[PDB]
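Worksheet: one structure, shown below.
Read the figures in this text as sums done on the coordinates, not as results from a lab. Cβ: placed from backbone, ideal geometry, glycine included. Neighbour counts: every protein chain shown.
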Amino acid sequence: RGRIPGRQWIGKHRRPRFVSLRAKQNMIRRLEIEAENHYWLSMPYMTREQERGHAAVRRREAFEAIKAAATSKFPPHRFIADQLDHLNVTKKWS
Amino acid sequence: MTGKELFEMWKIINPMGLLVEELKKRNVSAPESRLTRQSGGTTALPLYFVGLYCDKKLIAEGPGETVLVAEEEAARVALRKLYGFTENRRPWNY
Amino acid sequence: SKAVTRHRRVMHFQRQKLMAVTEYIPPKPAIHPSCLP
Amino acid sequence: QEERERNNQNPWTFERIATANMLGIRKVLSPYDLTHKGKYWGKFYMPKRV
Amino acid sequence: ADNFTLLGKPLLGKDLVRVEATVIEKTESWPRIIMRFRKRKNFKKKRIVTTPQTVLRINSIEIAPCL
Amino acid sequence: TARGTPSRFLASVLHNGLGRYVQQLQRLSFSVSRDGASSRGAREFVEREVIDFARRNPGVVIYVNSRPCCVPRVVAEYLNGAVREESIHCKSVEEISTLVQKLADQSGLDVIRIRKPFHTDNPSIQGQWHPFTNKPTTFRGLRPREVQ
Amino acid sequence: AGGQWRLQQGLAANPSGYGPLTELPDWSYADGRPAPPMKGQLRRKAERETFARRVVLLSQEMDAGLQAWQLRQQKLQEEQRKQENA
Amino acid sequence: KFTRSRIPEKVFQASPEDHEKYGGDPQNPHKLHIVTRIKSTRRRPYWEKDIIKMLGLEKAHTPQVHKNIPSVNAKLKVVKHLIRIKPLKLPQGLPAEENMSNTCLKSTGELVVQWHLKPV
Amino acid sequence: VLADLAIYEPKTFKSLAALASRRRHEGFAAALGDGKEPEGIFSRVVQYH
Amino acid sequence: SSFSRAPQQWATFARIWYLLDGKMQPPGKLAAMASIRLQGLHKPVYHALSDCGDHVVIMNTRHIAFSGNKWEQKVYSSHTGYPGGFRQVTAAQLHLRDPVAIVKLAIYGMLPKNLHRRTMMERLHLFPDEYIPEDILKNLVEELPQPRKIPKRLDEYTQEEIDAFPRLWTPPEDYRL
RNA sequence: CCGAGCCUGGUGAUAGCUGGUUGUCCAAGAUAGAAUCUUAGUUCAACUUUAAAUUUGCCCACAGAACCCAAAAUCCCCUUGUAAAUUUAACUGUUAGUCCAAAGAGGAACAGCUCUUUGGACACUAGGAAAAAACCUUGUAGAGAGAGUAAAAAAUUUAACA
Ligand SMILES: [Mg+2]
Ligand SMILES: [Mg+2]
Ligand SMILES: [Mg+2]
Ligand SMILES: [Mg+2]
Ligand SMILES: [Mg+2]
Ligand SMILES: [Mg+2]
Ligand SMILES: [Mg+2]
Ligand SMILES: [Mg+2]
Ligand SMILES: [Mg+2]
Ligand SMILES: [Mg+2]
Ligand SMILES: [Mg+2]
Ligand SMILES: [Mg+2]
Ligand SMILES: [Mg+2]
Ligand SMILES: [Mg+2]
Ligand SMILES: [Zn+2]
């Protein structure tokens, strides 16, 4: 007795969820945090025109470092030492 | 030896009599055994806490299945306390 | 389903939390306005 | 209704919460709610809601 | 001790106590198995780990009269 | 696995930590081959590192057979008579060194599930808990609803 | 437990975060010698050092931007002076 | 339908009660926002999560610094509900080179340049 | 360790419980008067740097 | 300690016979405390596998009181097993037929649903009246207190309390009453 | 065992259709539509993958984008915060999709109904809502006999009258 038509959480008839002081206090806490975020986002330090052209140097020098890193792609170097160390598998005492 | 305790290493008979002899040598009154606490006396699992009191002063208490086991265990406890081999004694210095 | 319905369309859980948080909390004095004043 | 919406002690009102999108609840909400804020749900009308 | 205890806020001073411990044993832990299996997606995977583990013995404790 | 595998409580031999410590590795037995690509690591280890290892550890004893073996072995006998053998087949010198050192640092008992990471042979001070520690007594020790 | 209390007191919400409970060395030689740092402490102090370098970088970049702006405004003023002097 | 939500700029004008509540003087505004990620980036739009990734908040409960400038405040506004913001405060002035290493953060947004690790 | 203490040395756990209760009572006195009073002796905290 | 091994183990894992009086107390609360003590949460050595329970005794189960009209609207329902064997009975009728079954079912519900439930319920003991068999009022240890308080009656309130409590208003003389 | 016998051979007939598809381990990775005797399929596109060359790629700041007949928003977009993006050689696989929230169309302002758009989730782990795909918290992977937190438990009782 007391079944829910179809699935318990969807459709024209679903299971009625209800709210508790637990969830209420949780979300109002989050809302107060969001209010503090709004406050601290207000009162900026500098203006658009003041902050326009200070970081271009750093940005483009970082990007040209990325350029160099991406361009520097070649096969590794090959060595006779690593080539001949394979001969040392047949080592044996006299 | 650290683990194996005194009465586990060395065996005794009539420990109550041994205790009597000991504290008579130490010149103190002959104590009486009195059940301090009881539980399940009629139950199949009797439990007695017997204290050995001299001159209205307690030296040791002992748990036990029966009153005899409780009083002999209290005698054992008092003997340990007098000989200084209590489990809470100073560890061995190295 | 549609937004507008004959029956009361059950709302989302977050929405119901918000609607349960937002109500008229009547400003009442600590003293009832009849017995003391 | 005006004096109730002026004198409500609850600091949190769907007006502010939705116009700011304080918790991304614009998912569950509609653009219509921005003006049908709390009083309306579908065609219905909740006058006690403030 | 049997009759008293000393607890810090949060921890005790260095000069008050001296806890000494000796190393006795270094080992690799016994082979622990990590199997991940999911259903009807041929997702079956295993790995063996032998974490290192060290054994100490507390040899002596002494307290200082400083207080 | 725990239920399939046996278990033990943490313990040490003859109380090794209290008195003078003794590394409970006793004996090593190497089985290495003159030839064999698998035993080249063991040959390098015995030619250079084993000298310094034996110098650092005098209490241990080392035996080397140097016989034909398709897979080189190392056997370790500890104080209790615990024998454990492991294959050094095709192993590098550094991992051989780490292996022999962990053998030296191990104790004389099989690795199995340890039920508890501690061991106190006298855990209780102020007395072990019994039901009557934290409840008072009665005048003349009278049970509830008892006249005399 | 007590995270918000610790926060309002000034300490870490989780005592394992920072403070003497975690930052101090957990073992030293019986002869009184200092043990080497733990890898956790090393990475923590490295993170903090990068953090400080970054903060200094950001602060001095903002200061340089404001300085350049005000210098450009002085440039503007003096070039207006030039214009009307012409 | 659900789209990127424009915020009314009137929201970001603090009142005197708000100033004296949060302890922030409109004059002499701070320079740096310490930021932490508090909310799930899942069940959020791709643009929000990409802004998270570019600000460097893919890791939660890990403080990261940004400037106080509108170019950044835009991103912070659009991902404000996912993060805890606080200003930076320091009594000991900018960290000196000798004390780059022995720095320490506090729960109160403070950055102490010296950390003696010892009670008064 | 709290459980091990409560098991093997109930006296120390009883001392801890007494400490906690006294701190509760100090917190109640503070709830009565937050400031304008001498703070609790055990409610006092250590400042580290 | 300085106790022997087997006696110490015995004294630690021993059972205890607790007693509580249910006269004008709620079955819910008294059964809750009895249940926690039956499975043995009260002792710090609690573990399910270790049968560390204790024996409990309730007294005057007949003289219990609910809060509200539960005597009327609470329905204990059970199916015998046959067609039409679905029976429902109010707490009042079930009390009249068996004054113990209420507290019994209460504890049976409070307890966990393990096989230890039956063992704990037979550890427990119940008596509707102020009367107990010799052994099972002899081998007791302690009588723990009641969960709620008993409000006093006017016949119980002494005179000094009455004359200390101030009178609130002055009635007009011209009134029949 | 005849809608046309049985045997052999072609014949390993063909089968867009069902089924099955063998050792260990790491990573990246479900995706608009068009055409088709085509809608149980396939080619292209798009997505994804690999190895290379190159440089701008993403977020975006004022300005800017219609008369006809009052929306959330969108396009473009320097700075800034970040590190990816495009192109070149090579294929394969996906191309039968479900719920929720929102703007709508059909229907009964029915459907766990069907059809488009924006987003999320699921088809990847975990905790919770009773068990629960799609609801809410939450990701980058281990040992722990350490700790702080996230979402997270429903409240209701009703009517006298001169
Ligand atoms: Mg269903
Ligand atoms: Mg819809
Ligand atoms: Mg035929
Ligand atoms: Mg035929
Ligand atoms: Mg075929
Ligand atoms: Mg086909
Ligand atoms: Mg198939
Ligand atoms: Mg992967
Ligand atoms: Mg066409
Ligand atoms: Mg651009
Ligand atoms: Mg289909
Ligand atoms: Mg459908
Ligand atoms: Mg449908
Ligand atoms: Mg699929
Ligand atoms: Zn009144």
Listing A:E61, A:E34 by rising number of other beta-carbon atoms within 10 angstrom, fewest first, gives A:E61, A:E34
Mind giving me the nanometre distance, one decimal, between the label points for B:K56 and F:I51, set 7 Å out from Cα along Cα→Cβ? 8.5
Give me F:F30, J:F86, B:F7, F:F45 ranked fewest to most by other Cβ atoms within 10 Å of their Cβ, as a rough exposure proxy. J:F86, B:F7, F:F30, F:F45
Let me have the 222 nm mean residue ellipticity of chain D computed from DSSP H runs of 4+ only, each contributing -39500 (n - 2.57), with the sum over all residues rounded to the nearest 500. -6000 deg cm²/dmol
In terms of modelled amide H atoms, which long-range or inter-chain residues lie less than 5 Å from the amide H of B:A60? B:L52
For the protein assembly as shown, share of DSSP beta bridges that run antiparallel, in % to the nearest 5: 80
Per residue of H:73-85, other chain Cβ atoms within 10 Å number on average 5
Taking H placed 1.01 Å from N in the peptide plane, check which residues at least 5 places from D:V50 or on another chain put their amide H under 5 Å from its amide H. C:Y24
Given springs between every Cα pair under 10 Å in a Gaussian network model of chain F, which of F:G108, F:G17, F:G127 has the largest fluctuation? F:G127
Could you go through the range F:121-127 in sequence order and give the Karplus-derived ³J(HN,Hα) for each residue, using 6.51 cos²θ - 1.76 cosθ + 1.60 with θ = phi - 60°, rounded to whole Hz, and x for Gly and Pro? 7, 8, x, 9, 10, 6, x
Note, the range I:16-25: 3J(HN,Hα) by Karplus (6.51, -1.76, 1.60, θ = phi - 60°), whole Hz, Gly/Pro = x, goes 4, 5, 4, 4, 4, 5, 5, 5, 4, 5
Arrange the following residues from fewest to most other Cβ atoms within 10 Å of their Cβ: A:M43, G:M38. G:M38, A:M43
Output the relative contact order of chain F, whole-number percent, from Cα pairs under 8 angstrom with separation of 6+ residues. 32
Contact order relative to length of chain E, as percent, for alpha carbon pairs under 8 angstrom and 6 or more apart: 42
Chymotrypsin sites (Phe, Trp or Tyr not before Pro) within the range A:1-49: which are DSSP loop residues with at most 16 other Cβ atoms inside 10 Å? A:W9, A:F18
Quick one: which of E:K14/H:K118; D:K39/H:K80; E:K45/G:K39; B:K25/B:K57 span more than 21 angstrom between C-alpha atoms? D:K39/H:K80; E:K45/G:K39
Comparing J:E143, J:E122, J:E161, which has the greatest mean-square fluctuation in the GNM of chain J with Cα pairs linked when under 10 Å apart? J:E161
Please report the antiparallel percentage of the DSSP beta bridges confined to chain J, to the nearest 5. 35
Phi-derived 3J(HN,Hα) across the range F:134-143 with the Karplus relation (6.51, -1.76, 1.60, θ = phi - 60°), rounded Hz, x for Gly and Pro, is 9, 9, x, 9, 10, 4, 6, x, 9, 5
Calculate for chain J the 222 nm mean residue ellipticity that helices alone would give, adding -39,500 (n - 2.57) per DSSP H run of length 4 or more and normalising by residue count, nearest 500 deg cm²/dmol. -9000 deg cm²/dmol
Contact order normalised by length for the range J:33-177, with contacts defined as Cα pairs under 8 Å and 6 or more residues apart; what percent is it? 25
Compute the helix-to-body angle for F:93-105: its Cα long axis versus the longest principal axis of chain F, expressed 0 to 90° and rounded to tens. 40
If exposed means no more than 16 neighbouring beta carbons inside 10 Å and the site is in a DSSP loop, what's the longest run of chain H without any exposed trypsin sites (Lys or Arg not before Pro)? H:60-105
Helix A:56-71: angle to the longest alpha-carbon principal axis of chain A, degrees 0 to 90, nearest 10? 50
For J:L124, the residues 5 or more places away or on another chain with a placed amide H closer than 5 Å to its own amide H are J:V56
When DSSP beta bridges are limited to those with both residues in chain F, what percentage is antiparallel, rounded to the nearest 5? 65
Identify the trypsin sites (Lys or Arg not before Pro) of the range J:83-177 meeting these criteria: DSSP loop state and at most 15 other C-beta atoms within 10 Å of the C-beta. J:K113, J:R148, J:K149, J:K152, J:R153, J:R167, J:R176
Can you quote the Å³ per residue value for the convex hull of the Cα atoms in chain J, rounded to an integer? 236
Taking the 0 to 90 degree range and rounding to the nearest ten, how far is the long axis of helix B:15-25 tilted relative to the main principal axis of chain B, both from C-alpha atoms? 60
Exactly which chymotrypsin sites (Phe, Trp or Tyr not before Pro) in the range G:1-71 are in a DSSP loop and have at most 11 other Cβ atoms within 10 Å? G:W27, G:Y29
